[PDB]
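>>> pasting the sequence and an experimental structure:
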Amino acid sequence: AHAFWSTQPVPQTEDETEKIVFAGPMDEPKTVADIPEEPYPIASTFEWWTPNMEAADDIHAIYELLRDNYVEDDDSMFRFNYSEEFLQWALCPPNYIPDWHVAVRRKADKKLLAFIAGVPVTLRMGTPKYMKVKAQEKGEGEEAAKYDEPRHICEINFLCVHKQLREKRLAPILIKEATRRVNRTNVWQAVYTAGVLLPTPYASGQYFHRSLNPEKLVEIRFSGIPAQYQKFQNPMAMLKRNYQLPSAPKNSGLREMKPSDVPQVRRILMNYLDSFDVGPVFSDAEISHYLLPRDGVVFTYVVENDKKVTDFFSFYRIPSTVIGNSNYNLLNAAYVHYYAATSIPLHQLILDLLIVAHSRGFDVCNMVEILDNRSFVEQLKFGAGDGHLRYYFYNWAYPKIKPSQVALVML
Ligand SMILES: CCCCCCCCCCCCCC(=O)SCCNC(=O)CCNC(=O)[C@H](O)C(C)(C)COP(=O)(O)OP(=O)(O)OC[C@H]1O[C@@H](n2cnc3c(N)ncnc32)[C@H](O)[C@@H]1OP(=O)(O)O
Ligand SMILES: c1cncc(CCNCc2cccc(-c3cccc(CN4CCc5ncsc5C4)c3)c2)c1
Ligand SMILES: [Mg+2]
């Protein structure tokens, strides 16, 4: 049923998954020197391309390919519209490897036809807590703890084949070539997410959304006026009253994050992310890059009291194209990013997130039920959305875990 994924070092079924007890590689250990020097063979009308992410035109080419051809909802009503500034941020973290951004162009005119991006991530991905308990009970502790150390691996995102080239098996060829380029750098594992079901996820979570401007959301058919609001004399006034928020944060102490905060935010974030089975480890440079405010892209606020940062939250912006509405061109969405709470209940900290997002003109706040995102869904009036985000590894056996044991946010 999978002419491509059946050939790859991933668990092939849920049964295989269910019998995985330790973290570790799937494949033959291999070396750099084993790997073909030369790009994978490709049709004489296409050519491989490595975009220069410090070239504005290169970024623009990737931007237009994703604007017109990237992920849509199931009813083709919305399509993500990652900005150019966002793409430069996401694609170029500290020590990114340029060669890991892989494109296919049509030779004759250098039209970008497909793209995939890899970036470095340092990931904790050793045997999960519940399986370590089972390993104690079997006398198998050392084997379970073998791959406990964070690993420098590849995080894959932005896979996209132009709509005119769909279903010609181009995606596999892009994935093989990305894989070659990563392996040539002595990296052998990757982490990626998808909303489609592939062999075989290690975790799956629902999406959630929190309405900020319900009048717009209804107008674009992101949201409906729900049936129960009809027994009401006036639906929309009631919907707006339901989702109203204060004008200003409620936490005294809350301000935008500045560069001097990097050390304290690193410390509180890393302490927090330890409570999860799979999670990123960030250097001060990585914290600076991913969390310092960037206009239009990422927004981060800390709670500081008595000159100490105690809590913080972050969200990033991705607008979506609204396919064919005469009043609105764009859905202006905020996505919950990393956070850490030490002084206040997480629901009180995230409420300030919603208040800030709302004041700054966002229409909705979205998220996946990773991290402790469930502890605030009901109080903060998040609703479950359609479908699920699945998490996967390339070349890594991993027991199934709950998405509340997953601490990697994927942009
Ligand atoms: C160590 C380093 C390793 C690094 C690499 C690690 C692996 C990274 C893997 C990528 C992680 C991506 C993470 C994200 O970015 S998820 C976002 C994916 N992007 C979109 O959904 C944007 C809109 N759609 C498209 O652009 C195209 O439909 C894509 C490009 C998705 C497929 O193109 P097309 O529709 O024209 O199909 P094909 O004929 O060329 O290819 C058919 C094969 O492709 C398999 N397929 C379909 N969708 C996905 C998918 N999302 N992940 C992996 N595989 C996928 C499919 O099961 C089939 O193989 P098999 O079932 O026959 O076996
Ligand atoms: C699927 C696979 N890989 C990447 C993506 C694109 C980025 N989506 C990641 C993401 C992270 C966290 C939450 C959500 C999310 C939450 C609630 C509802 C939704 C649903 N979407 C809303 C807007 C939109 N624009 C184009 S399709 C679409 C539908 C997403 C979405 C999606
Ligand atoms: Mg194709």
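Thanks, I have it. Residues are numbered from 1 along each chain as shown. Ligands and ions are numbered 1, 2, ... in the order given.
>>> so which residues of the stretch 101-250 of the chain form strands?
Remark: strands assigned in the stretch 101-250 of the chain by DSSP state E, counting those that start in this stretch are 102-106, 111-124, 151-161, 190-194, 203-211.
>>> including mean neighbour count and distance to residue 290, could the ones you listed go into a markdown table?
C-beta here means a position set from N, CA and C on the backbone, and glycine is covered the same way. Shown next, in a markdown table, are the strands of the stretch 101-250 of the chain (neighbours: other C-beta atoms under 10 Å; distance: least, C-beta to C-beta, whole Å):
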| stretch | mean neighbour count | distance to residue 290 |
| --- | --- | --- |
| strand 102-106 | 21 | 23 |
| strand 111-124 | 21 | 11 |
| strand 151-161 | 20 | 12 |
| strand 190-194 | 20 | 16 |
| strand 203-211 | 20 | 21 |
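>>> export the ones you listed to TSV and tack on distance to ligand 2?
Output for the strands of the stretch 101-250 of the chain, formatted as TSV (distance: least, C-beta to the nearest ligand atom, whole Å):
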stretch	distance to ligand 2
strand 102-106	17
strand 111-124	12
strand 151-161	7
strand 190-194	5
strand 203-211	4
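>>> what's the closest of those to residue 88?
strand 111-124 (11.7 Å; C-beta to C-beta).
>>> close to ligand 2: what parts of the stretch 301-411 of the chain are there?
320, 331, 333, 335, 366, 367, 368, 385 (C-beta under 6 Å from any ligand atom).
>>> wait, doesn't the third one sit right on residue 315?
No: here residue 333 does not reach residue 315: they are 9.6 Å apart, not a contact under C-beta atoms under 8 Å.
>>> these two: which is more packed in?
residue 315 (25 against 22; other C-beta atoms under 10 Å).
>>> quick check: chain neighbours aside, which residue is closest to that one?
What sits nearest to residue 315 in space, not counting adjacent residues and going by C-beta to C-beta, 6 or more residues apart in numbering, is residue 334, at 4.6 Å.
>>> now swap in residue 152 and tell me
In space, and not counting its chain neighbours, residue 152 is closest to residue 122: 5.5 Å by C-beta to C-beta, 6+ apart.
>>> OK, contacts around that neighbour?
For residue 122, the contacting residues are 150, 151, 152, 153, 280, 281, 282, 286, by C-beta atoms under 8 Å, 6 or more residues apart in numbering.
>>> circling back to that earlier point, list the buried ones in the helix or strand that contains the residue nearest to residue 315?
Element membership of residue 334 [criterion: DSSP states H and E] is strand 330-341. Using 16 or more other C-beta atoms under 10 Å as the test for burial, strand 330-341 gives 331, 332, 333, 334, 335, 336, 337, 338, 339, 340, 341.
>>> the residue nearest to residue 315 and ligand 2, how far apart?
Separation of residue 334 from ligand 2 (C-beta to the nearest ligand atom, to the nearest Å) stands at 10 Å.
>>> equivalent analysis for residue 54, please.
Taking C-beta to the nearest ligand atom as the measure, residue 54 falls 25 Å from ligand 2.
>>> number of nearby residues for that residue?
So residue 54, with other C-beta under 10 Å, has 10 neighbours.
>>> for the closest residue to ligand 3 within the chain, which non-adjacent residue is spatially closest?
Nearest residue of the chain to ligand 3: residue 170, at 3.3 Å (C-beta to the ion). Leaving aside its sequence neighbours, residue 170 sits nearest to residue 161 (C-beta to C-beta, 6+ apart; 5.0 Å).
>>> tell me the bridge partners for the one you found.
Here residue 161 sits in beta bridges with residue 114, going by DSSP bridges.
>>> surely it is in contact with residue 174?
Yes: assessed by C-beta under 8 Å, residue 161 is found in contact with residue 174 at 7.5 Å.
>>> overlap in contacts of these two?
Residues touching both residue 161 and residue 174 (C-beta under 8 Å, 6+ apart) are residue 114.
>>> now could you export just the CA positions of stretch 372-392 as CSV?
Taking Å, rounded to 0.1, in the frame of the first residue of the first chain, the C-alpha atoms of stretch 372-392 are listed here in CSV:
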residue,chain,number,x,y,z
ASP,A,372,0.1,21.0,29.4
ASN,A,373,-2.1,22.7,26.8
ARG,A,374,-5.2,20.7,28.2
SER,A,375,-5.1,22.3,31.6
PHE,A,376,-6.4,25.5,30.2
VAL,A,377,-8.8,24.4,27.4
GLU,A,378,-12.0,24.6,29.4
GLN,A,379,-11.3,27.7,31.4
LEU,A,380,-10.0,29.6,28.4
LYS,A,381,-12.9,28.5,26.2
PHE,A,382,-10.7,26.6,23.6
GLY,A,383,-12.7,24.2,21.4
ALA,A,384,-11.4,21.1,19.7
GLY,A,385,-10.9,21.5,15.9
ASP,A,386,-11.0,19.0,13.1
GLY,A,387,-8.4,16.3,12.8
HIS,A,388,-5.1,15.6,14.6
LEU,A,389,-1.4,16.5,14.3
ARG,A,390,0.7,13.3,14.4
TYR,A,391,4.4,13.2,15.4
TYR,A,392,6.9,10.9,13.8
